[PDB]
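Asker: If you scroll down you'll find the structure; I have some questions about it.
Protein chains: 2
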Amino acid sequence: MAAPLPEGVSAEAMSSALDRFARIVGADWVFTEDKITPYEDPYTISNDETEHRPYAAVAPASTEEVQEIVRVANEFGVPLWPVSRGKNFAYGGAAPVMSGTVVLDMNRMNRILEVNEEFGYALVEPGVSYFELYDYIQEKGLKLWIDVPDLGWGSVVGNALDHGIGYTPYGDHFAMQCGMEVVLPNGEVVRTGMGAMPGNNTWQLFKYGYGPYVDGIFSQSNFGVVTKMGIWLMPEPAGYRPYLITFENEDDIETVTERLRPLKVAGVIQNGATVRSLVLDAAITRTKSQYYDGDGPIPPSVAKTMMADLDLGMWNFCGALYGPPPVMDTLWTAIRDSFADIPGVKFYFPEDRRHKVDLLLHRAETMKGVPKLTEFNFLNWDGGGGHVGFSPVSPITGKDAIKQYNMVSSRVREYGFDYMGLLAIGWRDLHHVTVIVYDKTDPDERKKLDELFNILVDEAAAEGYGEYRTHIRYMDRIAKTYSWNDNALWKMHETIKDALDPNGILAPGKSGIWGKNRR
Amino acid sequence: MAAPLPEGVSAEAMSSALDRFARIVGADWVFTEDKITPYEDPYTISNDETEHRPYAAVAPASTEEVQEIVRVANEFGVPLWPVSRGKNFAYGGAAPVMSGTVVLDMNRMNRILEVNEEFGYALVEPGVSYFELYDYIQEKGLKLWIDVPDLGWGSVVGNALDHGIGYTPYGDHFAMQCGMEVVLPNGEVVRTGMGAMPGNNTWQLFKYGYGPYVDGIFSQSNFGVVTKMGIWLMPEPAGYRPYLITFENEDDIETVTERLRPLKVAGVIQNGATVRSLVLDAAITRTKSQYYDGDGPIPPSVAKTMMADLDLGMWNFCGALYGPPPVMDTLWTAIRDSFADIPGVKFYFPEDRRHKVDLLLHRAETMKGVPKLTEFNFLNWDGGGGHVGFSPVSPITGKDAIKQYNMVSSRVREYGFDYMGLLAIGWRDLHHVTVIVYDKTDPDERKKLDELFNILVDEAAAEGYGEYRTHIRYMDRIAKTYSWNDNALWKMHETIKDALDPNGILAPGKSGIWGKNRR
Ligand SMILES: Cc1cc2nc3c(=O)[nH]c(=O)nc-3n(C[C@H](O)[C@H](O)[C@H](O)COP(=O)(O)OP(=O)(O)OC[C@H]3O[C@@H](n4cnc5c(N)ncnc54)[C@H](O)[C@@H]3O)c2cc1C
Ligand SMILES: Cc1cc2nc3c(=O)[nH]c(=O)nc-3n(C[C@H](O)[C@H](O)[C@H](O)COP(=O)(O)OP(=O)(O)OC[C@H]3O[C@@H](n4cnc5c(N)ncnc54)[C@H](O)[C@@H]3O)c2cc1C
Numbered sequence: 054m055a056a057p058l059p060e061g062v063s064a065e066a067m068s069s070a071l072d073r074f075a076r077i078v079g080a081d082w083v084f085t086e087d088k089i090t091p092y093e094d095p096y097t098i099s100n101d102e103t104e105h106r107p108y109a110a111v112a113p114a115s116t117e118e119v120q121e122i123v124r125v126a127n128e129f130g131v132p133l134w135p136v137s138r139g140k141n142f143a144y145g146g147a148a149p150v151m152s153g154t155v156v157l158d159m160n161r162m163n164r165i166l167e168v169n170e171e172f173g174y175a176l177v178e179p180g181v182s183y184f185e186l187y188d189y190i191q192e193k194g195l196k197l198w199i200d201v202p203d204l205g206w207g208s209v210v211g212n213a214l215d216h217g218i219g220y221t222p223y224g225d226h227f228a229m230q231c232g233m234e235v236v237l238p239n240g241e242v243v244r245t246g247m248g249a250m251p252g253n254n255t256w257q258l259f260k261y262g263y264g265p266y267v268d269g270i271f272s273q274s275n276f277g278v279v280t281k282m283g284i285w286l287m288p289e290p291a292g293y294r295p296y297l298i299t300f301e302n303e304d305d306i307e308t309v310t311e312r313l314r315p316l317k318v319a320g321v322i323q324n325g326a327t328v329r330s331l332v333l334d335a336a337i338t339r340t341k342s343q344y345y346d347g348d349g350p351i352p353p354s355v356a357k358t359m360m361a362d363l364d365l366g367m368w369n370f371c372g373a374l375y376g377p378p379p380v381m382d383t384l385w386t387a388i389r390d391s392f393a394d395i396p397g398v399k400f401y402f403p404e405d406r407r408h409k410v411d412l413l414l415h416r417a418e419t420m421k422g423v424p425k426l427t428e429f430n431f432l433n434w435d436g437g438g439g440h441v442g443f444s445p446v447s448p449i450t451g452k453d454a455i456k457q458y459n460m461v462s463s464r465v466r467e468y469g470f471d472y473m474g475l476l477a478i479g480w481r482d483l484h485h486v487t488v489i490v491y492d493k494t495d496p497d498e499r500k501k502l503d504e505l506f507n508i509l510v511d512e513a514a515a516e517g518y519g520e521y522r523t524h525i526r527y528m529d530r531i532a533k534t535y536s537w538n539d540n541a542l543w544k545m546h547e548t549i550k551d552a553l554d555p556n557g558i559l560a561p562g563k564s565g566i567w568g569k570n571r572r
Numbered sequence: 054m055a056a057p058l059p060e061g062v063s064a065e066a067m068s069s070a071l072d073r074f075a076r077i078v079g080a081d082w083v084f085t086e087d088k089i090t091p092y093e094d095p096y097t098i099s100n101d102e103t104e105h106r107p108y109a110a111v112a113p114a115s116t117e118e119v120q121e122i123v124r125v126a127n128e129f130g131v132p133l134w135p136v137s138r139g140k141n142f143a144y145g146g147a148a149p150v151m152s153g154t155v156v157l158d159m160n161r162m163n164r165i166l167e168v169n170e171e172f173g174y175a176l177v178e179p180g181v182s183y184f185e186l187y188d189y190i191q192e193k194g195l196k197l198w199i200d201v202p203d204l205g206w207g208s209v210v211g212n213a214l215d216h217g218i219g220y221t222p223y224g225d226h227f228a229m230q231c232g233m234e235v236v237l238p239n240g241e242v243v244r245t246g247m248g249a250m251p252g253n254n255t256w257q258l259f260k261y262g263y264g265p266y267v268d269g270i271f272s273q274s275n276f277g278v279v280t281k282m283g284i285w286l287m288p289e290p291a292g293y294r295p296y297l298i299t300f301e302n303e304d305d306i307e308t309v310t311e312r313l314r315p316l317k318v319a320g321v322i323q324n325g326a327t328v329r330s331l332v333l334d335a336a337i338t339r340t341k342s343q344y345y346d347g348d349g350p351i352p353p354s355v356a357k358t359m360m361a362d363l364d365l366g367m368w369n370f371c372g373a374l375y376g377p378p379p380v381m382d383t384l385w386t387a388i389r390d391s392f393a394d395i396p397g398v399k400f401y402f403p404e405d406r407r408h409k410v411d412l413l414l415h416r417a418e419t420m421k422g423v424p425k426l427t428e429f430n431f432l433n434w435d436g437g438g439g440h441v442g443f444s445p446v447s448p449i450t451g452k453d454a455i456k457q458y459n460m461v462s463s464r465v466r467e468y469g470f471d472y473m474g475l476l477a478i479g480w481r482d483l484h485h486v487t488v489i490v491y492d493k494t495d496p497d498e499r500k501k502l503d504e505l506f507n508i509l510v511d512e513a514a515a516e517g518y519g520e521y522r523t524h525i526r527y528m529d530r531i532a533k534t535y536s537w538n539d540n541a542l543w544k545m546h547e548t549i550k551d552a553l554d555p556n557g558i559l560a561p562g563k564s565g566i567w568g569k570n571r572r
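Going line by line, the protein sequences match chains W and P.
Under our numbering, think of the first position of the first sequence as 54, with each following residue one higher.
Under our numbering, think of the first position of the second sequence as 54, with each following residue one higher.
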C-alpha cells in the first residue's frame with residue numbers, strides 16, 4: 054500500500070513541491086514511491102498500513118539547499134521530517150509521525166568542518182557518523198575520544214538532538230553540545246552562542262553567547278533544522294580501566310542502586326556507567342535457543358544456567374576508571390568497597406573474563422568511545438526481530454529501580470517477551486531503557502507489542518514516571534503524560550511552534566507538537 | 054527628578070495598574086515616590102536623570118501573586134522588570150533598561166523548598182540568598198557545598214539566570230540548574246523537565262524531561278518570570294587545598310594561558326579557578342594611597358613595590374584541589390610542573406602566606422562556597438566608587454588573553470582608571486571580567502567611563518570578541534555586536550518574544566529584546 058498524501062495537501066501541491074525539491078538538490082536526490090523503502094520504520098509496530106508512511110525523501114548537500122527546501126515546503130504546505138542520518142532504530146528509524154510527510158535526509162551533508170585537539174571539540178554536519186568522526190580522529194592522530202551511543206552507524210548531531218546517551222564521561226550527548234547552525238521554519242539561518250558574533254573564535258568554546266540560551270529548543274523538537282553543531286570531545290586520558298561487577302539476585306538492584314547514588318553524585322563513577330539485566334547482556338553473545346526450547350520468556354533454571362555459563366549476574370554493573378593510576382586506584386577502592394558485602398557479588402577486570410567473545414571486552418571498547426555494531430546482536434535473541442525502547446526515567450534510588458523493574462519485567466514477560474533492561478547512570482538519574490525484541494513481520498506479535506507499550510506508558514505515568522524519549526507512534530501519548538497544570542508546557546510549545554512555523558511544515562507530531570493547522 | 058511614565062502608558066493606566074497591584078500583594082508591598090530609591094542603579098553611569106528610572110516596585114509573596122501582577126500588566130500595558138534579589142551591582146542593580154518600567158521584586162519569595170543531601174540539590178524561590186542557603190545547610194549539618202559568585206547577598210536563582218559564575222567545580226551556575234517553574238508573560242504557569250509530569254520525583258534529578266529543552270530561554274531573558282528553580286550542589290569532598298601561583302611579568306599571561314588550557318580541558322584544574330591582575334588582588338587588602346600619591350593609575354615602580362610588599366604577581370593564578378589526598382597530590386604535581394620553569398614564578402599554600410589578612414586566605418573561603426561580602430573591598434582602591442563590568446569572552450589561548458589585556462588595560466588607564474582584570478576559567482573559555490572602579494557621584498568621571506565602555510565594546514567586537522553579560526545601559530549595543538547574517542539571532546528572539554509576550558510587558562530592553570510594540 055502506497056503512502057497517502059498528507060491531509061490538506063493536494064496531489065498538485067505535492068507534485069509541484071517535489072519538482073522544486075529536484076531542482077534544488079538534483080533529480081538523483083528526490084526519492085518517490087519505489088525508492089521510499091529505506092525511509093520506512095524498519096521495526097514496524099502498526100498493523101494499519103496507512104500509518105507513519107513517508108510520501109518521499111529529499112537528500113540535500115548544503116545548508117543553502119535545506120533553506121530552499123524549507124521555503125518550497127512553506128509555499129506548498131508540504132510537511133518535512135528532518136533527519137541527520139535517520140538511524141533512530143527502536144524509535145521509528147527515518148519514518149515520520151504523520152503519513153504524507155516528506156523526509157528531509159541530511160546524510161550527504163557529511164563534512165567534518167573541524168576537529169580541534171587543543172580545545173577538544175568537533176564542528177560537524179548532520180550526516181557525519183560516529184564511525185566517520187572516529188576514523189578522522191585516528192587518521193589525523195588526534196589525542197581525543199568520542200562518545201558512542203553503543204551503535205556507531207548514527208549521527209553525532211541527530212543522536213544528541215534526540216537527547217541520546219553513551220558510556221564515557223561525555224555520555225550526555227546533548228550536554229556536550231556547543232554552538233549550532235539552524236534553518237528556522239521560515240528558511241532563515243541563525244547561529245547560536247558565540248556563532249552570532251561575526252569573526253568570533255569562540256563558537257565551540259562558550260555555550261551561551263549573550264541573551265536567551267536557545268540551543269536546547271532545537272532538541273527533541275520541530276522548531277528548526279540543525280545544519281551544523283559543535284560538540285566537546287574528551288582528551289585521551291592518562292589511563293583507562295574497565296570493570297564489571299555482577300549480582301546473583303533480581304532483588305539486589307535495590308541495594309545496588311542505593312550504593313550507586315553517592316558514588317555517582319560525587320563523581321567517583323566517572324562515566325555513564327550501566328547496570329544491564331542478564332538477558333540484555335547474554336543476548337550479545339548467545340540466543341535463547343542455545344539454553345531453552347520453550348516459545349515464551351525464560352524460566353529461572355535457564356537464567357541460572359546462562360549466569361554460570363557466561364559469568365553474568367541477574368544485574369551487571371559495567372563502568373570504567375579514567376586518569377592517572379593513583380586516581381584510578383583511589384576511585385576503585387571506593388567503588389569496590391561499596392559492593393563487596395552483597396552476598397553473591399563478583400568482580401571482573403577484562404583479564405578475569407574466561408570467554409574470548411565476551412560482553413565486558415565489547416563494553417571496554419564502548420566506554421572508550423569505539424564505534425561498533427555489536428549491540429544489534431540482542432535482536433537475534435528469539436530468532437531475529439526488531440525492537441522498541443520503553444525508556445522511563447528513575448531517581449538513583451533502589452525503591453524506584455526495583456519498582457520499575459517489577460512493573461516492566463512483569464508486563465513484558467506476560468506479553469511473551471523476555472525482559473532486557475538497561476539502567477544508564479546519569480548525573481542524578483537513571484535512564485531505564487527496556488528494549489522489547491519482537492517479530493516485526495508478525496501482525497499478532499505487533500498487536501501484542503502495541504498493547505504492552507500502551508500499558509507500560511500508562512502504568513509508569515500512574516506511578517509518576519515519564520519517558521525521556523519514545524517512538525514516533527507514541528509521541529502524542531508521551532506528551533499527554535507531561536500534563537501538569539492542564540498541559541501548560543505543551544500549550545507553551547505550541548505557542549512557540551506557531552511563531553516559528555506558522556505553516557506547520559516542520560515534522561508535525563514530533564514530541565507531540567503539531568501546530569495550529571493540525572492541532 | 055521623578056521617573057517618567059513609560060512611553061504609550063497614560064497616568065490613568067499606571068494609576069489603575071498600581072491600585073490592582075496593591076489589591077494582589079497588599080498595600081504594604083507596592084513602592085512609589087520616596088520608597089523607590091533602593092531600585093535605582095547604585096552605580097549611576099548616565100548623566101541623563103530620565104534614563105534607567107523605575108516608576109514603582111511590587112513585592113509579591115507567591116507564584117499566584119506573580120501571575121495576577123502579570124495579568125494586570127497585560128490589561129494596562131504596564132511593563133515589569135523582574136528581579137530575584139535585585140543585587141545585580143556592576144550591571145544596573147535592580148534598575149530597568151526603560152524608564153517607567155515597574156520592578157517586580159521577588160525578594161519576599163524566599164522559601165528553601167528542599168535541600169536534598171542524598172542527591173545533592175536545592176529547590177529554591179528567587180529571594181533565597183547564598184547566605185540563606187549556606188546557613189540552612191550549616192544549621193542542618195548537611196554535607197553539601199554551595200557555589201558563590203564572590204558575593205553572598207545575591208540570589209541563587211537571579212545570578213544563575215544572568216549566567217553568573219563562581220569558583221568551585223560547580224562554578225557555571227546556570228549549567229547546574231535542573232527544573233524551573235515559570236510564569237509566562239500571559240500569566241500562565243509552567244514547569245520544565247520532569248516537573249511537567251504530575252506526581253514526579255525527578256524534577257531536580259533529570260534536566261530535559263521530554264520534548265524541546267527550554268530552560269535556557271528564560272536565562273538572560275524577558276520571556277518569563279522564574280518563580281522556582283532547582284540547582285545541583287556539590288557533596289562535601291574528602292579534602293580541599295587552595296593555592297596561589299604568582300607571575301612577575303605582565304607578559305607572562307601569554308605562556309600562563311597556554312599552560313592552563315590542557316589542564317582545564319582535561320579537568321586537572323577542578324574548579325572555576327581564576328587569574329587576577331595585581332591591582333584587583335591588591336585592592337582586597339590595600340588602597341592606592343598606601344603606595345602612591347598621584348590621582349591617576351599606578352606607574353610600574355609602584356606595581357613592583359606592591360608585588361614585593363603583598364607577595365602578589367602582576368598575574369595571580371588562584372585555584373583549589375578537591376578530593377582524597379592521593380587525588381589532590383596527583384593533580385597538584387601536574388599543575389605545579391606546568392608553571393615551574395617560568396622565571397619569577399612563586400607557589401603558595403595558605404601556610405606560606407605571611408600576611409594575616411591576605412588574598413589567598415580570602416579566596417580559600419570563596420573556593421569552598423563560603424558566602425562573603427569582601428569582594429566590594431576593591432571599590433576602596435581610589436577612595437571609594439562604583440564599578441561596571443566589561444566582560445568579553447576569550448579562548449583559553451595566550452594570544453587572545455594578552456591581546457584583550459593590552460586592549461583593555463591601555464584604554465582603561467588612558468581614561469584615568471587602574472586595570473583590574475579577572476580571567477575566570479570556564480570549561481573551554483575565559484570570562485575576562487574587567488572591573489572599572491569610578492566615582493559614580495562625579496558627572497565628569499561618569500562621562501569618561503561611558504566613553505571608555507563604548508570604545509572597549511567596539512574594539513573587542515572589531516577583534517571578534519563579545520561580552521557574556523552587560524549593564525542595562527549597554528544591552529542594545531551588545532545585542533547589535535551579535536549581528537551575524539543581518540542580526541538573524543535577534544530577529545528570532547523578537548519572533549519568540551512577540552509569541553510569548555505580544556503586549557511586551559516583560560522587561561522591555563533586557564538583552565536588547567523589545568517586542569513589536571517598542572522595536
Ligand atoms: C540495538 C539498539 C541499540 C541502541 N543503543 C542506543 C544507545 O546506546 N544510545 C542511544 O542514545 N540510542 C540508542 N539506540 C537508539 C538509536 O538507534 C540511536 O540513538 C541512533 O544513533 C539515533 O539515530 P541517528 O543518530 O541517525 O539520529 P537521527 O535519526 O538522524 O535523528 C533522530 C531524530 O532527531 C531529530 N533530528 C535529527 N537530526 C535533526 C536535525 N538536523 N534537525 C532537526 N531535528 C533533527 C528528528 O526528529 C530525528 O527523527 C539504539 C537502538 C537500537 C536498535
Ligand atoms: C564587587 C563585585 C563582585 C562581583 N562578583 C561577581 C562574581 O564573582 N560572579 C558573578 O556572577 N557576578 C558577580 N558580580 C555581579 C553581581 O553583583 C552578582 O552576580 C549578583 O549576585 C547578581 O545579583 P542577584 O544575584 O541579586 O540577581 P538579580 O539581580 O536578582 O538578577 C539579575 C537579572 O536576571 C534577571 N532575573 C533575575 N531573576 C529573574 C527571574 N526570577 N525571572 C526572570 N528574570 C530574572 C533580571 O534581568 C535581573 O536583572 C559582582 C559585582 C560586584 C560589584
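For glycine and all other residues, C-beta sits at the position ideal for the given N, C-alpha and C.
(1) Leaving out the 5 sequence neighbours to the left and right, which residues in its chain are closer than 6 Å to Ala75(P) when beta-carbon positions are compared?
(2) Could you tell me if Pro445(P) is buried or exposed, where buried requires 16 or more neighbouring beta carbons within 10 angstroms of its beta carbon?
(3) Per DSSP, which one or two residues make a beta bridge with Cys371(P)?
(4) At 3 residues or longer, what runs of the beta strand (DSSP E) sit wholly inside the stretch 155 to 232 of chain P?
(5) Per DSSP, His484(W) is paired with what?
(6) Does the beta carbon of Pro377(P) come closer than 8 Å to any beta carbon on chain W?
(7) When the Cα of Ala147(W) is compared with those of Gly207(W), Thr103(W), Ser99(W) and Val168(W), which residue comes out closest?
(8) Quick one, are the C-beta atoms of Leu333(W) and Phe431(W) less than 8 Å apart?
(9) Can you confirm whether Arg244(P), when its beta carbon is compared against all beta carbons of chain W, has any partner nearer than 8 Å?
(10) Which residues in chain W have a C-beta closer than 7 Å to the C-beta of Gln343(P)? List them in chain order.
(11) Which residues of chain P have a Cβ atom closer than 9 Å to the Cβ of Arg572(W), listed in chain order?
(12) Classify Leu559(W) as helix, strand or coil using the three-state DSSP reduction.
(13) Is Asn212(W) close to ligand 1? I mean its beta-carbon at under 7 Å from any heavy atom of the ligand.
(14) Which value, in whole angstroms, describes the spacing of the CA atoms of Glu418(P) and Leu297(P)?
(15) Counting only Cβ pairs nearer than 7 Å, list the residues of chain P close to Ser137(W).
(16) Counting only the same chain and skipping the five closest in sequence on each side, list residues whose C-beta sits under 6 Å from that of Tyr144(W).
(17) Please compile the residues from chain P whose C-beta is within a distance smaller than 7 Å of the C-beta of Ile190(W).
(18) How about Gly224(P): is its Cβ closer than 7 Å to a heavy atom in ligand 1?
(19) Pull up the distance between the alpha-carbon of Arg138(P) and that of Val209(W), whole angstroms please.
(20) Taking contact to mean 3 or more Cβ pairs, one atom from each stretch, closer than 8 Å, check whether the stretch 223 to 230 of chain P and the stretch 156 to 171 of chain P are in contact.
(21) Less than 8 Å separating the beta-carbons of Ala532(W) and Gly479(W)?
Answerer: The structure says:
(1) Within the second sequence, residue 75(P) is the residue found at index 22, counting from 1. So the qualifying residues of the chain are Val83.
(2) Your numbering for residue 445(P) matches position 392 in the second sequence. Buried, because 16 or more other Cβ atoms sit within 10 Å of the Cβ of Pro445(P).
(3) For the purposes of this step, residue 371(P) is taken as residue 318 along the second sequence, with counting starting at 1. Note: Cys371(P) is bridge-paired with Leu297(P) and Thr327(P) in the DSSP secondary-structure output.
(4) Listed in chain order, they are 155 to 158, 165 to 169 and 174 to 177.
(5) Against the first sequence, residue 484(W) aligns to sequence position 431. Paired residues: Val446(W) and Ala477(W).
(6) In the second sequence, counting from the first residue as 1, residue 377(P) sits at position 324. Between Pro377(P) and chain W, the shortest Cβ-Cβ separation is below 8 Å.
(7) For this step, residue 147(W) is matched to residue 94 along the first sequence. Answer by Cα proximity: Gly207(W).
(8) Position 280 of the first sequence, counted from the first residue, corresponds to residue 333(W). Position 378 of the first sequence, counted from the first residue, corresponds to residue 431(W). Contact: yes.
(9) Locating residue 244(P) in the second sequence gives position 191, where the first residue counts as 1. The beta-carbon of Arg244(P) is placed less than 8 Å from the nearest beta-carbon of chain W.
(10) If you number the second sequence from 1, residue 343(P) lands on position 290. Per Cβ cutoff of 7 Å: no residues; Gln343(P) is ~38 Å from chain W at best.
(11) Sequence index remark: in the first sequence, residue 572(W) carries index 519 (1-based). The premise fails here: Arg572(W) is roughly 15 Å from chain P at the closest Cβ pair, so nothing lies under 9 Å.
(12) Within the first sequence, residue 559(W) is the residue found at index 506, counting from 1. It is a strand residue.
(13) In the first sequence, residue 212(W) corresponds to position 159, counting from 1. Yes; taking the cut-off as 7 Å, the Cβ of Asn212(W) has a heavy atom of ligand 1 nearer than that.
(14) On the second sequence, position 365 is the one that residue 418(P) refers to. On the second sequence, position 244 is the one that residue 297(P) refers to. Roughly 13 Å separates the two Cα atoms.
(15) Numbered from its first residue, the first sequence carries residue 137(W) at position 84. Contact annotation for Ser137(W) against chain P: no contact, minimum CB-CB distance about 17 Å [criterion: below 7 Å].
(16) As a first step, residue 144(W) must be located in the first sequence, where it is residue number 91. Closer than 6 Å at the Cβ level, and outside the excluded window around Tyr144(W), lie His524.
(17) For the purposes of this step, residue 190(W) is identified with residue 137 of the first sequence, where counting begins at 1. Neighbours of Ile190(W) on chain P: none; closest Cβ ~15 Å, over 7 Å.
(18) Walking along the second sequence from the start, residue 224(P) turns up at place 171. No, since every heavy atom of ligand 1 falls outside the 7 Å radius drawn around the Cβ of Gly224(P).
(19) Taking the first residue of the second sequence as 1, we reach residue 138(P) at position 85. Taking the first residue of the first sequence as 1, we reach residue 209(W) at position 156. One C-alpha to the other measures close to 41 Å.
(20) Contact fails: fewer than three Cβ-Cβ distances are below 8 Å.
(21) Taking the first residue of the first sequence as 1, we reach residue 532(W) at position 479. Taking the first residue of the first sequence as 1, we reach residue 479(W) at position 426. No, they are not a contact pair.
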